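A.B. asks: I am sharing input.pdb, which consists of PDB, C-alpha atoms:
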```pdb
ATOM      1  CA  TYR A   8     -69.951  -6.827  43.534  1.00  0.00           C
ATOM      2  CA  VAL A   9     -73.174  -7.872  45.271  1.00  0.00           C
ATOM      3  CA  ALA A  10     -75.221  -5.038  43.776  1.00  0.00           C
ATOM      4  CA  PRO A  11     -74.943  -1.747  41.886  1.00  0.00           C
ATOM      5  CA  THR A  12     -75.886   1.649  43.376  1.00  0.00           C
ATOM      6  CA  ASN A  13     -78.404   2.807  40.745  1.00  0.00           C
ATOM      7  CA  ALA A  14     -80.358   1.128  37.946  1.00  0.00           C
ATOM      8  CA  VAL A  15     -78.173   3.195  35.616  1.00  0.00           C
ATOM      9  CA  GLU A  16     -75.250   1.042  36.713  1.00  0.00           C
ATOM     10  CA  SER A  17     -77.754  -1.842  36.700  1.00  0.00           C
ATOM     11  CA  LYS A  18     -78.035  -1.611  32.900  1.00  0.00           C
ATOM     12  CA  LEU A  19     -74.371  -0.778  32.251  1.00  0.00           C
ATOM     13  CA  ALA A  20     -73.779  -3.785  34.521  1.00  0.00           C
ATOM     14  CA  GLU A  21     -75.749  -6.146  32.278  1.00  0.00           C
ATOM     15  CA  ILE A  22     -74.348  -4.669  29.035  1.00  0.00           C
ATOM     16  CA  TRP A  23     -70.882  -4.739  30.614  1.00  0.00           C
ATOM     17  CA  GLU A  24     -71.012  -8.513  31.219  1.00  0.00           C
ATOM     18  CA  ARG A  25     -72.630  -9.122  27.814  1.00  0.00           C
ATOM     19  CA  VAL A  26     -70.563  -6.975  25.429  1.00  0.00           C
ATOM     20  CA  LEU A  27     -67.474  -7.631  27.597  1.00  0.00           C
ATOM     21  CA  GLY A  28     -68.320 -11.343  27.987  1.00  0.00           C
ATOM     22  CA  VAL A  29     -67.950 -11.220  31.792  1.00  0.00           C
ATOM     23  CA  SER A  30     -70.326 -12.480  34.496  1.00  0.00           C
ATOM     24  CA  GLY A  31     -70.882 -10.028  37.374  1.00  0.00           C
ATOM     25  CA  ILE A  32     -68.361  -7.165  37.081  1.00  0.00           C
ATOM     26  CA  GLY A  33     -68.198  -4.545  39.864  1.00  0.00           C
ATOM     27  CA  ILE A  34     -69.008  -0.814  39.535  1.00  0.00           C
ATOM     28  CA  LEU A  35     -65.953   1.447  39.068  1.00  0.00           C
ATOM     29  CA  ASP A  36     -64.223  -1.395  37.202  1.00  0.00           C
ATOM     30  CA  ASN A  37     -62.112  -0.657  34.112  1.00  0.00           C
ATOM     31  CA  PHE A  38     -63.392  -1.679  30.642  1.00  0.00           C
ATOM     32  CA  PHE A  39     -59.823  -2.978  30.136  1.00  0.00           C
ATOM     33  CA  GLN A  40     -59.719  -5.079  33.316  1.00  0.00           C
ATOM     34  CA  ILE A  41     -59.587  -8.305  31.255  1.00  0.00           C
ATOM     35  CA  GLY A  42     -60.955  -8.040  27.693  1.00  0.00           C
ATOM     36  CA  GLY A  43     -59.395  -7.032  24.354  1.00  0.00           C
ATOM     37  CA  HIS A  44     -59.536  -4.001  22.036  1.00  0.00           C
ATOM     38  CA  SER A  45     -61.960  -1.178  22.908  1.00  0.00           C
ATOM     39  CA  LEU A  46     -64.797  -2.063  20.504  1.00  0.00           C
ATOM     40  CA  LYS A  47     -66.322  -3.832  23.528  1.00  0.00           C
ATOM     41  CA  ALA A  48     -66.597  -0.950  26.015  1.00  0.00           C
ATOM     42  CA  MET A  49     -67.720   1.157  23.046  1.00  0.00           C
ATOM     43  CA  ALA A  50     -70.516  -1.386  22.507  1.00  0.00           C
ATOM     44  CA  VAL A  51     -71.410  -0.533  26.122  1.00  0.00           C
ATOM     45  CA  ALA A  52     -71.524   3.195  25.282  1.00  0.00           C
ATOM     46  CA  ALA A  53     -73.866   2.179  22.445  1.00  0.00           C
ATOM     47  CA  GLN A  54     -75.916   0.393  25.090  1.00  0.00           C
ATOM     48  CA  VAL A  55     -76.159   3.824  26.731  1.00  0.00           C
ATOM     49  CA  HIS A  56     -77.280   5.396  23.424  1.00  0.00           C
ATOM     50  CA  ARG A  57     -80.076   2.847  22.861  1.00  0.00           C
ATOM     51  CA  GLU A  58     -81.077   2.687  26.530  1.00  0.00           C
ATOM     52  CA  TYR A  59     -80.840   6.483  26.591  1.00  0.00           C
ATOM     53  CA  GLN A  60     -80.390   9.272  24.038  1.00  0.00           C
ATOM     54  CA  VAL A  61     -77.496  10.584  26.121  1.00  0.00           C
ATOM     55  CA  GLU A  62     -74.248  11.833  24.545  1.00  0.00           C
ATOM     56  CA  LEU A  63     -71.685   9.169  25.500  1.00  0.00           C
ATOM     57  CA  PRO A  64     -68.880   9.215  22.928  1.00  0.00           C
ATOM     58  CA  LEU A  65     -65.777   6.990  22.986  1.00  0.00           C
ATOM     59  CA  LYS A  66     -63.614   9.789  24.428  1.00  0.00           C
ATOM     60  CA  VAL A  67     -66.129   9.873  27.302  1.00  0.00           C
ATOM     61  CA  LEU A  68     -65.815   6.103  27.655  1.00  0.00           C
ATOM     62  CA  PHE A  69     -62.059   6.763  27.900  1.00  0.00           C
ATOM     63  CA  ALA A  70     -62.407   9.620  30.415  1.00  0.00           C
ATOM     64  CA  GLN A  71     -64.681   7.427  32.517  1.00  0.00           C
ATOM     65  CA  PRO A  72     -64.272   3.851  31.281  1.00  0.00           C
ATOM     66  CA  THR A  73     -66.243   2.106  34.062  1.00  0.00           C
ATOM     67  CA  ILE A  74     -69.775   1.163  35.282  1.00  0.00           C
ATOM     68  CA  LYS A  75     -70.098   3.821  38.013  1.00  0.00           C
ATOM     69  CA  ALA A  76     -68.544   6.531  35.835  1.00  0.00           C
ATOM     70  CA  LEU A  77     -70.695   5.451  32.842  1.00  0.00           C
ATOM     71  CA  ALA A  78     -73.995   5.020  34.679  1.00  0.00           C
ATOM     72  CA  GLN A  79     -73.102   8.350  36.293  1.00  0.00           C
ATOM     73  CA  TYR A  80     -72.332   9.998  32.938  1.00  0.00           C
ATOM     74  CA  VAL A  81     -75.903   9.030  32.008  1.00  0.00           C
ATOM     75  CA  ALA A  82     -77.784   8.844  35.294  1.00  0.00           C
ATOM     76  CA  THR A  83     -76.193  12.262  35.927  1.00  0.00           C
TER      77      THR A  83
END
```
Spell out the structure here as structure tokens.

C.D. replies:
Amino acid sequence: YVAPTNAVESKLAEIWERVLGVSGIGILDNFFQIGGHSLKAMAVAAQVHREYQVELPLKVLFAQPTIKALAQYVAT
């Protein structure tokens, strides 16, 4: 992961490492690649709700639980 593909993933990238407690993370990763519970990725979806007023529910975080799929759920 030397860079995201859109600032949408740029934000979900920061949130991802913060709420998930990681440092870097890739793009189409998997919120359950090495964490615990789902309250974390959800926190990320909340990062999408504050950063944007986009509808990103938990079921959407489950249908597309990653940075590219999330930033894409928002970014597009």

A.B. asks: Within 9 Å of residue 19 (chain A), counting only C-alpha atoms, which residues show up once you throw out same-chain ones fewer than 5 positions away? Write them as a PyMOL selection string, please.

C.D. replies: chain A and resi 14+24+51-52+54-55+73-75+77-78

A.B. asks: Quick check on the file I pasted: which residues fall under the PyMOL selection byres ((chain A and resi 26) around 9)? Write them as JSON, numbers by chain.

C.D. replies: {"A": [21, 22, 23, 24, 25, 27, 28, 29, 47, 48, 49, 50, 51]}

A.B. asks: Output as AutoDock Vina command-line options the centre and edge lengths (Å, one decimal) of the box along x, y and z of the file that holds every listed atom of region 73-83 of chain A after adding 3 Å on each side.

C.D. replies:
```
--center_x -72.0 --center_y 6.7 --center_z 35.0 --size_x 17.5 --size_y 17.1 --size_z 12.0
```

A.B. asks: If I take CA of residue 81 (chain A) and CA of residue 17 (chain A), how far is one from the other in Å, to one decimal?

C.D. replies: 12.0 Å

A.B. asks: Where atoms are absent from region 64-76 of chain A, fill them in so it carries N, CA, C and O atoms, then output it as a PDB file, in the frame of the given file.

C.D. replies:
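Result saved to selection_23.pdb:
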```pdb
ATOM      1  N   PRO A  64     -69.842   9.520  24.000  1.00  0.00           N
ATOM      2  CA  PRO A  64     -68.880   9.215  22.928  1.00  0.00           C
ATOM      3  C   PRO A  64     -67.763   8.301  23.437  1.00  0.00           C
ATOM      4  O   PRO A  64     -67.695   7.976  24.607  1.00  0.00           O
ATOM      5  N   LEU A  65     -66.889   7.884  22.563  1.00  0.00           N
ATOM      6  CA  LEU A  65     -65.777   6.990  22.986  1.00  0.00           C
ATOM      7  C   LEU A  65     -64.826   7.763  23.899  1.00  0.00           C
ATOM      8  O   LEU A  65     -64.365   7.252  24.898  1.00  0.00           O
ATOM      9  N   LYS A  66     -64.532   8.992  23.567  1.00  0.00           N
ATOM     10  CA  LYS A  66     -63.614   9.789  24.428  1.00  0.00           C
ATOM     11  C   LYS A  66     -64.199   9.875  25.835  1.00  0.00           C
ATOM     12  O   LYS A  66     -63.482   9.963  26.808  1.00  0.00           O
ATOM     13  N   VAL A  67     -65.498   9.827  25.953  1.00  0.00           N
ATOM     14  CA  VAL A  67     -66.129   9.873  27.302  1.00  0.00           C
ATOM     15  C   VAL A  67     -65.962   8.495  27.929  1.00  0.00           C
ATOM     16  O   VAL A  67     -65.774   8.358  29.118  1.00  0.00           O
ATOM     17  N   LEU A  68     -66.005   7.474  27.122  1.00  0.00           N
ATOM     18  CA  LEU A  68     -65.815   6.103  27.655  1.00  0.00           C
ATOM     19  C   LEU A  68     -64.353   5.968  28.076  1.00  0.00           C
ATOM     20  O   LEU A  68     -63.999   5.137  28.884  1.00  0.00           O
ATOM     21  N   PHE A  69     -63.503   6.807  27.535  1.00  0.00           N
ATOM     22  CA  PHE A  69     -62.059   6.763  27.900  1.00  0.00           C
ATOM     23  C   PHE A  69     -61.830   7.636  29.135  1.00  0.00           C
ATOM     24  O   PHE A  69     -61.010   7.338  29.982  1.00  0.00           O
ATOM     25  N   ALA A  70     -62.559   8.715  29.242  1.00  0.00           N
ATOM     26  CA  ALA A  70     -62.407   9.620  30.415  1.00  0.00           C
ATOM     27  C   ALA A  70     -63.017   8.946  31.635  1.00  0.00           C
ATOM     28  O   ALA A  70     -62.645   9.200  32.763  1.00  0.00           O
ATOM     29  N   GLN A  71     -63.982   8.113  31.402  1.00  0.00           N
ATOM     30  CA  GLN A  71     -64.681   7.427  32.517  1.00  0.00           C
ATOM     31  C   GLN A  71     -65.078   6.030  32.041  1.00  0.00           C
ATOM     32  O   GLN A  71     -66.245   5.734  31.895  1.00  0.00           O
ATOM     33  N   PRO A  72     -64.081   5.223  31.783  1.00  0.00           N
ATOM     34  CA  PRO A  72     -64.272   3.851  31.281  1.00  0.00           C
ATOM     35  C   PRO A  72     -64.697   2.873  32.382  1.00  0.00           C
ATOM     36  O   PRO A  72     -64.018   1.899  32.634  1.00  0.00           O
ATOM     37  N   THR A  73     -65.817   3.084  33.021  1.00  0.00           N
ATOM     38  CA  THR A  73     -66.243   2.106  34.062  1.00  0.00           C
ATOM     39  C   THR A  73     -67.771   2.115  34.240  1.00  0.00           C
ATOM     40  O   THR A  73     -68.473   2.888  33.619  1.00  0.00           O
ATOM     41  N   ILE A  74     -68.290   1.238  35.074  1.00  0.00           N
ATOM     42  CA  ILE A  74     -69.775   1.163  35.282  1.00  0.00           C
ATOM     43  C   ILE A  74     -70.286   2.334  36.125  1.00  0.00           C
ATOM     44  O   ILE A  74     -71.317   2.901  35.837  1.00  0.00           O
ATOM     45  N   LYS A  75     -69.604   2.695  37.175  1.00  0.00           N
ATOM     46  CA  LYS A  75     -70.098   3.821  38.013  1.00  0.00           C
ATOM     47  C   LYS A  75     -69.934   5.120  37.232  1.00  0.00           C
ATOM     48  O   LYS A  75     -70.821   5.949  37.179  1.00  0.00           O
ATOM     49  N   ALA A  76     -68.798   5.295  36.621  1.00  0.00           N
ATOM     50  CA  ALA A  76     -68.544   6.531  35.835  1.00  0.00           C
ATOM     51  C   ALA A  76     -69.474   6.576  34.616  1.00  0.00           C
ATOM     52  O   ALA A  76     -69.926   7.629  34.219  1.00  0.00           O
TER      53      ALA A  76
END
```
